[PDB]
Amino acid sequence: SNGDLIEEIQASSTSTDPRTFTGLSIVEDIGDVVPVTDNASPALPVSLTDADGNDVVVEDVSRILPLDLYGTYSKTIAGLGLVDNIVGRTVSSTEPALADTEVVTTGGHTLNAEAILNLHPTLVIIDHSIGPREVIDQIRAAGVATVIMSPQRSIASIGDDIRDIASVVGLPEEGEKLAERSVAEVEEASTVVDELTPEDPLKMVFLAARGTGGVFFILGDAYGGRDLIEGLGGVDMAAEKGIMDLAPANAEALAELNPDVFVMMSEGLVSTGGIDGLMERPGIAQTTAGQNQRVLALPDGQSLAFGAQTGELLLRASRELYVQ
Ligand code: HEM
């Protein structure tokens, strides 16, 4: 599907200065993960010690709930061959295959125990990027095999995070194939990013926006803002300022960070009123990025998911950032 995207990248002139670009650039949804197999056959049972130290036996993966903040696990499970086993999702797993699949979070990202248990899951794969913890404890006590992950969520660890998921569902060979394919795709995209990156990198921040009120934050280290921005050839000003979790995107913060580009989730930007609404927020219009109305909007459920589609995300995003 990249045949025409790559022709546009090769065609960009060498004189092109990305600091002169203005306005929104949006990456369209990348879609479903291409599975590495059509006939996955989980080798079960598996016993493991999960990231919280719990001993878990996985003996039935017919009804999976792969749940997290970022949208990673549902995509990896589909990449391994088990998309048809997914029986519920969070709001972050926006991929088309799951669009008719029951949502088990409420009010954004809150786990709902009743919704989960009414789906009669046989395996929950989850991490503490969403909660409450108490709901995770309740479904385990009710009898649902629950596996806590703690993925490294860096570009360098995309492959190991995939291998860890594959080991939970008894598909090590599919895991090795999907890991290697996903890391090769990143490396290929990184060479395009390097060829497109200006000599002085663009300053970026990841701006989280949900609604027209106070859900308006600079995302820090813990969410993976830095890993994405550096993967795009940028400098993450949140990382420069030592933001480990998040910081309010108020006028003082924005003035101090002074990015050249705001990186945002697409539906997040819509929810604050689009570019016009974002430009009304205090401090935005005064930054370099605001003066150029320069926003890179990425599909919400891929933007911080990393995983299998990272390379495609970096390729499309670097074309939007650096190619006119
Ligand atoms: C910090 C407080 C946050 C609140 C109160 C919040 C709330 C919400 C709400 C209410 C939605 C529903 C949007 C819709 O139905 O279209 C949503 C969607 C979403 N959120 Fe959050 N969120 C927060 C943080 C985050 C963070 C840190 C991430 C990082 C991955 C994230 C990722 C997503 C994604 C991927 C979606 C799906 C948007 C879509 O439907 O396309 N959220 N959030």
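Atoms within a ligand are numbered from 1 in the order they appear, just like the ligands themselves. Hydrogens, waters and symmetry mates play no part in the numbers below; they use all other heavy atoms, side chains included. Just so you know, residue 1 is the first one in the sequence shown, and it goes up from there.
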> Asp260 side chain to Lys203 main-chain N or O, any donor-acceptor pair under 3.5 Å?
Replying inline: yes
> Does one side chain, of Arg294 or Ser25, offer a donor that lies under 3.5 Å from an acceptor on the other?
Replying inline: yes
> How close does the nearest protein non-hydrogen atom get to atom 30 (C) of ligand 1, and which residue and atom is it?
Replying inline: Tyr70 CD2, 3.3 Å
> With a cut-off of 2.8 Å, how many protein N, O or S atoms neighbour atom 21 (Fe) of ligand 1?
Replying inline: 1
> More than 12 non-hydrogen atoms from neighbouring residues, nucleotides or ligands closer than 6.0 Å to CD on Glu252, yes or no?
Replying inline: no
>> Within the 4.0 Å heavy-atom shell around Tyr223, which atoms of ligand 1 are there?
In response: 27 (C)
>> With salt bridge (charged side-chain N to carboxylate O under 4.0 Å, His left out) as the rule and sequence neighbours excluded, what pairs involving residues 62-71 come up?
In response: none
>> Does the protein place a non-hydrogen atom closer than 4.0 angstrom to atom 12 (C) of ligand 1?
In response: no
>> Within ligand 1, which atoms have a heavy atom of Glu267 less than 4.0 Å away?
In response: 16 (O), 39 (C), 40 (O), 41 (O)
> Is there side-chain contact between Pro42 and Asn85, with heavy atoms separated by less than 4.5 Å?
Replying inline: no
> Going by the order shown, which atoms of ligand 1 are within less than 4.0 Å of some heavy atom of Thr94?
Replying inline: 39 (C), 41 (O)
>> Ignoring hydrogens and geometry beyond distance, is a side-chain donor-acceptor pair present between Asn258 and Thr287 at under 3.5 Å?
In response: no
> Listed by chain and number, what are the side chain to side chain donor-acceptor pair (under 3.5 Å) partners of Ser62, not counting sequence neighbours?
Replying inline: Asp60
> Residues two or more places apart in sequence or in another chain: which of them pass side chain to side chain donor-acceptor pair (under 3.5 Å) with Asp38?
Replying inline: none
